[PDB]
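Novice: Pasting a structure here, questions to come.
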Amino acid sequence: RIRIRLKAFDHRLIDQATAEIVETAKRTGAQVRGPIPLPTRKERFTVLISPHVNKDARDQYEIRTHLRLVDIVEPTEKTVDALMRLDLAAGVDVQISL
Amino acid sequence: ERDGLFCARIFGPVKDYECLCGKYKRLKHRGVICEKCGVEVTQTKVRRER
Amino acid sequence: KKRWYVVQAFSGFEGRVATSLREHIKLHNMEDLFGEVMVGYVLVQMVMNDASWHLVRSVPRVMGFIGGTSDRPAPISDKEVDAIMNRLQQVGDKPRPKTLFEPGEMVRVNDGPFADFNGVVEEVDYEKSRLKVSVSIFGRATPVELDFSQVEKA
Amino acid sequence: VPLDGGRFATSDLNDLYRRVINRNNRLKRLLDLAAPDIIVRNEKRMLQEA
DNA sequence: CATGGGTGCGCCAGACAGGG
DNA sequence: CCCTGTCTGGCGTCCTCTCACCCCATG
C-alpha cells in the first residue's frame, strides 16, 4: 500500500539495509510484497587529468546509485510508525509515498 | 489519553524518567519532549504536585 | 399558526421519544395541534394550550420544555439556529483546510502516526484530495500523503 | 487504581471533572456552529450546576 | 461498546420574612 | 422600624477485627 523507495551508493549497504527494513515490518505488519531492485543510474564523468596540454590522458569515473523497492502491504498504524519514524543507516536515502 | 483528564504533555510521564515508550530508557537526556506523543520527562511523584 | 418549541429528552433515547410523541399525537387525536417533529433536544411544531402541554410532558422519557418560565414556555429565539442548520448541510459535502497547501507551504500534522509534526507540501492533489508533505522523522522528512483535515495550514 | 478483578474502581472526582469537561466541550460547540438562546442558556446552566 | 442520567432526630442559631 | 415566626444549616467519642459488593444496556 505504501511504496518504500530507498537510494544509496553502496550495493552491499543498500541490500544489507533492506533486510532489516522488512524485519522491522514483518515482525509487526506481517505482510510485505518483496525486495524489488531497480535499474541503477550510473553517471559518468570522464575528464582531463593534466593541468595543461596532453588531452589524451583522461581518467574514467563513475558514480553508481542504486534503488530498491519493498512496497509494504499492510497499512496498519503499528507498521506505519515502525518504518516512517524508524529510518536507519546514515548515508542511505529512503523516501516513501503512501 | 493523548490530551485528556490524565494527559502526558500537560502533566508528566507515568514511568520514572521514561518519556513515552521508545525514547530515553537510561539516564542521559532527562527532558526531551519526544515527537511520538507529547510528554514530560520526570520522576513518578511529579504528577502529584502538578 | 403553529410555532416551534424545544423539548428535552433523556439524551440517547431521542428517536424513541420522537416516535412515542407521534404516537401520542395519533392516540389523543389532537392532530390539528402538531405539525412536525425534528431531530438531546427535540424540536416540535406546536401550538400552546395547556392540554397539549400536558400531552407533550405525558409522553414518556421527556423532562419538559425549555423556556423563560414553566407557565408559558418559550417558542424559538433563533440566534445560531440558522448557522447550525447551514453547518449540517455544509459538513455533508465540504473540506476543512480546502487543500490550501500549495508547493513549499509548511503544514501541520495532527492525525495518524505523524501526529504532532510539521512539514512542507512538495506536491498537492486537489483532484485526489491529498497533500504530499514529508515529516522530519529522525531528521528524514518522510514524504507522506495527508488529507486537508488530517493536517493544518502553517 | 483497579480492584482484584481488574475493572478500574474510579474515584468520584474523576466523574465530576469528566462531567464538567463534557459540558464545556458541548458549550464551546454551542459557540462555533452554536444554537439559539434557550439552548445556550440551558447549556451554560448545566455547566454552572456541574 | 461506551455513555448518560423517602415519609421515625433533636437542639442551637442566625438569617430571612412577617407581621405588629 | 421592633419584636415574632419560619426556614435552612451545622453538629453529634476513639481504636480494632472480619464479611459482602461495587452502572445498566444495547441498537
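Here chain B follows Swiss-Prot for its numbers: 52-101, in order, are the residues you see.
Method reported for this entry: electron microscopy, 4.4 Å.
For all residues, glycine too, the Cβ spot is worked out from N, Cα and C.
The feature Zn(2+) 1 binding site is assigned by Swiss-Prot to B:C70, B:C72, B:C85, B:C88.
Buried or exposed, and what's around them? Tell me for each listed feature.
Specialist: DSSP assigns B:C70 (Zn(2+) 1 binding site) to coil, not to a helix or a strand.
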Novice: Let me spell it out: for each of the binding-site residues (B:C70, B:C72, B:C85, B:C88), count the other Cβ atoms within 10 Å of that residue's Cβ, using every protein chain shown. Which one has the most?
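Specialist: Comparing the binding-site residues B:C70, B:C72, B:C85, B:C88, the most crowded Cβ belongs to B:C70.
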Novice: Within the same chain, and leaving aside B:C70, B:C72, B:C85, B:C88, name every residue whose CB is within 8 angstroms of the centroid of the CB atoms belonging to the recorded Zn(2+) 1 site, in sequence order.
Specialist: B:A59, B:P64, B:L71, B:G73, B:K74, B:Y75, B:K87, B:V90
